[PDB]
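Encoded as structure tokens, here's the structure I'll be asking about.
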């Protein structure tokens, strides 16, 4: 009873922003307790070491059943330092990352770490001439809408909820750690949408979101002429804004059919389900 | 000089989700270092105490210049416990909250605390029959878009950047702490928008967002018949979706005039500014 | 039996613009006859007195079963004069007004008057620097769309049609007069919408429309600096435009379900009903 | 000083709905005084005679400088009876009508009557299976938006305002009565729009609005198979809804250029003008 | 058995652009073979004679079962020459045209020619000051969306598929050739739309499209003052852009009901049919 | 002097549909004469050989200055046959294709052929269960809007207008033939858009359009389970519909600035230019 976990956040990913809250949406679950720590947007090896140190430090008394590290590119220097420290700890760990994480997928399975790699969680257009705090927040709002309305966050919610159950049985083995890669095609194996065109619009939203990453990468790391890289990173943000609109359109189709899936948590932690607006969740 | 701060997050508010990130959007500032801790969505007295303890314990070796506590309703039991603990501590502190915080504005002033109260940061429709994880993320995506595109996040960015400069004097007087209340009318004193209709559409979005809170409160704490409260809380979410569309319309108007204000940070922390897309921030 | 009524219009309210027309949409009812008089937009004591005099003078030979006075703020000087004059007359009467009318609800009950107070029928941003004839017509077009597509006009239609039936008994008791207050929550007791999301979008539109009044009041009667009040009244109009877009969205949802409620009058005054587009009203 | 007029309304036209209010938008003009009378939607010869009788009756003491009759089809039996009674009276008169009014244009000039015929003020789809009170109000909201945002109402405002000046000079001759026909091409002789695409979108809105009339006529009077006439009249309403959207798009273009023309009345009655949002009207 | 046909394209009409491709959408039909020839946008007598000569020269060895000539105005000099030449040949022929072709309907029947006249296939705003290559492509994109999404292209597909079945039996008589005039009302008897509001929106789109022709004709052939004709032809294109939006709205309504009609060809030529997205065409 | 060219169309690409018409948009150019021939959508070797044979047979008497072959995938068997045949002839030739043509760029240069490869001209979702004639036309409408409004068609127009000037002097060498590959980045150096956000939205549209091809290819050639490939190809079409919306948004931004570039042909062939709506092209 009452599973515990520590979430570590370094750098920012739409999924890492929301991961812990997706598990206790109304703060009324009594089978879980969480702690969240991090160094904000900084994700260099020095800053990531400090963050895992905090986590490992509080774990001593908190005693988490599992620890989660979430942020961009698990293949980078900083995140790699975190996988190192978590794999060689006494707590099972899961790494939440984006597409670049695929580079170290096998390496993570070798380290005995779990993972949830979200391909559509795309890097933003991080050039100083374009990305100020407001633009970053706008992009994150659009990405958050895409990940939520397409149902990607439900896949994540379900992974952590199943792990939370395995954890209560005090039996968390490596074979229990999730090993997920989420993308457009993930929706084909789900029953998220009652309307077929809502699922197809959600798929198109996820494909565009995944494609945003290549554009941001080109503008931030490849293109060196500012007359070209500023328009390039901005075009990636215009793409995400349309992906958010497709996701919104999909959700509205479910509303027209009074079939919006909702899977809220009960106080005991069980995931309920409902489709009709006035239907009690069971 | 490198300013340091600790952010504590209990419960969720749109402003508390982004507050730290607004200060180092591309993680390239070399004049700041942050630590972020919290108990996720739980904000009861027990959890908030644990949250502030973590922070104060870390504060020992971290030695921050100030501490920020962000979350809903500064007047509630948990947040009140945090105010007392921080007011008692040796660290200058700021409280980020929503409109219910106005109830203790005089009290926080006597406690020697600074505050940033964001009226449009409205409580969501937290009824189990309606609010599942996906719906909560969708609402927050709309609220984030409203607070970003209307310019509210820039007001918050500026307040903390002003405090960070003060901290570089290793002397933050109570007089230096912010005492801000942000709402629709805050825009009248800013020069956020070059186009006046973009300003008034942004004002309309903040008014609608502020008004969402009362609908949410009614459906969550007053109405007891589920046949009435489920529609009531869903109507609050439809309002926030349209507020986000208004904020988007305001920003597209600035785009049509090639007048989108951007204020990115330079590596040394200086806040630059630009309006024209192809112009460098200076 | 042919029921007869006189409508008096002083000042302008969305509900007073349409009230009489809602009762005989195609002018084919043979069970009613109306006379409409007023002083246009002027609603001062002098004009309203003249307005009611015209009505009472016509009433002599016309012999109406009831008289209706519609216009903003039943509590203002002019409207109060009309209430006294009608309360004193021999004709059963109903007062159509907006939210400020709540201030004299007990008084109208003591005056033996009926009333229909429409909270979403909000005062417009009447400042010379902003409100010209075209802007006033645009605002009223949006308000009309909101009151029509959310179902508020059907509530008004039904109240008067019920009174007209009573009048066909040449005996309208004070007990027969309507005593209605319409707002967002009125929809919860109706079966206007087959789709629940159309109902909640309509509720959100009525909430926004109701909230417009406070912004208008602030910009017209409280704020004295033109640099602040012109933006304030324009923001109220942007809010009403989005309320109209929400009401339009609700109706398109009913169209997607081929469930648009239509309740036309038959030649003898009977109110028919239909939902499916190709179905005859019965 | 202080001109007086009586407006008579029988049947409904978007222009007749708004005609008098366009002359005193904030009810603060002190150079005019108006009286409005009518028989609501009924426009048969019996009802129109009664309406003009009311007007002529109150004219005795009110002493209007001119009388206005507004409603659909001045060529119909009812409206023809009104032109008869007004032409043979001692008060100059103006007839406001729609396109069918062109049939009796010369006949009206022979009667010494003035006129303003608005081609885009189209008859609605008045079939019982489709048009209930709510649908009628929705259609009128869309038409009101078209007539207002395209600038048609300004043409009307200007005609009556010029007549109001001639009237104060106590010299209202037939050569002073307006003789206007308004349509899409009317916009080419105006300076309404600063942005050329706003004028072209407004022209397209007026062309569609004018074309709606032929569709309504076919569905109401020609087509007799209900499986065909119900879809036909509804298609006319869908056309008007898009005309309203084009008009809205035009106004938004003026907003993007901060060039929305506003011509408000001063208390003395002079028509002021302004373009920039923060510009005082002169 | 393989049906053979030659298509001749002179000038451009939306239906002539697509006519042949609507018959073998994936190029996998094993029962047809076509040749397409033309003189691009030129449609004067010299060019049309050259186009038809090319077709008849090819016909000697190709041995087509029928020949189709498509392009604007069958009554113009160029197209009239094609009609004479085709009428003089041994090959069954069909003329695809626009509304102006109605003028020569009797001539074509006497010439033994079939015809499909598409009234909504409206002439564009062909004035040099407005119509450049890009604008000509944007208009055609909107017109193509209208003709496709309203179902007009399905009527054309059906007519030719019927002729192809007869061609296979070498049994195409003059009485088998189509004599079709397509417009808004054609939609009333199609089984195209499951949702009635989709049909009604599609009808509104075709009505607006048909009306665009009169505007283009006024701006290209009647009005001679450029300050007037440039805005006029531009307004025609704004109308067509809104007609495409209506057609898009109709299709989205069918998607909401998972009822989008699809009628693909099987490899053997059979026209299959389906409505539900996941249902195989049969 | 009159330039002559033959266009061969096999299979369908958005650019091949429009290529010839972009050169004489109003059919009033006195300096060009074209012949167009093809086998409709069929592009297998047998059909392509027949199309090219038709062209070369016509060429003997027509004496074209250059020949253009346009259609999907220059590397496929059919198109490869056209390349061989055209490379073997005396007539300067240009191949218009899509991204798959990049594979044979070296072959074409060795063949002495020019080429214009349009990467955003994406293959559609050609599965029988989804693509019927109507869906194929809707997709092409969206693709045409993208290629036109983003300015891609202006690049094609310019390339051919340059070749036409050389054709007039009978001076078309192999080095004069284009070698162009068009994509999102092509827009960075065009002087197409006055507003920078219009350029950025246009770039986002071309990026999404280019990405549609990979989705269509996955659903048509890789995925073999219908429960998966039908949703996949449908998602490609939803992407293209949003790319057209972005292109539409870019054009509306240019309209807001009265800066829509237009480059019409004069009767003598000269390419004129204008930006302001009421400015004559020069």
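By letter and in written order, the chains are A, B, C, D, E and F; residue numbering begins at 1 in each of them.
In this section, a contact is a pair of C-beta atoms (placed from the backbone, for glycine too) under 8 Å apart; a residue touches a chain by one contact, two chains touch by 3 or more.
Listed by chain with UniProt protein names: A, B, C, D, E, F = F420-dependent methylenetetrahydromethanopterin dehydrogenase.
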Intersection of contact partners for chain E and chain F: A, D
Identified repeat of the E-F interface (over half of residue pairs identical), from C-D, B-C or B-F: C-D
When chain B is superposed on chain F by its C-alpha atoms, the rotation angle in degrees, nearest 5: 120
Between the pairs A-F and B-D, the one where more C-beta pairs touch: A-F
Inter-chain centre distance, chain A versus chain B - centres from mean C-alpha coordinates, in Å: 22
Whole-Å gap separating chain B and chain E, where each centre is the average of the chain's CA atoms: 58
Interchain centroid distance [CA atoms averaged], chain C/chain E, Å: 50
Contacts with 2+ other chains: residues of chain D: 196-197, 200, 227, 234, 256, 277-278
Which chain pairs touch, all of them: A-B, A-C, A-E, A-F, B-C, B-D, B-F, C-D, C-E, D-E, D-F, E-F
Touch list for chain F against partner chain E, complex: 7, 9, 11-12, 17-18, 20-28, 33-43, 47, 50, 54, 58, 126, 128-138, 140-142, 144-145, 147-149, 151, 153-154, 157, 226-227, 230, 234, 241, 244, 248, 251, 261-266, 272, 274, 277-278, 280-281
Complex contacts: residues of chain A adjacent to chain C: 255-256, 258, 260, 276-278
Touching residues (chain side chain B, partner chain C) in the complex: 184-185, 187-188, 196-197, 199-201, 203-204, 207-208, 211, 215, 227-228, 231-232, 234-236, 238-239, 242, 245-246
Parts of chain B lying in touch with chain D, wherever the complex brings them together: 195-197, 253, 256-257
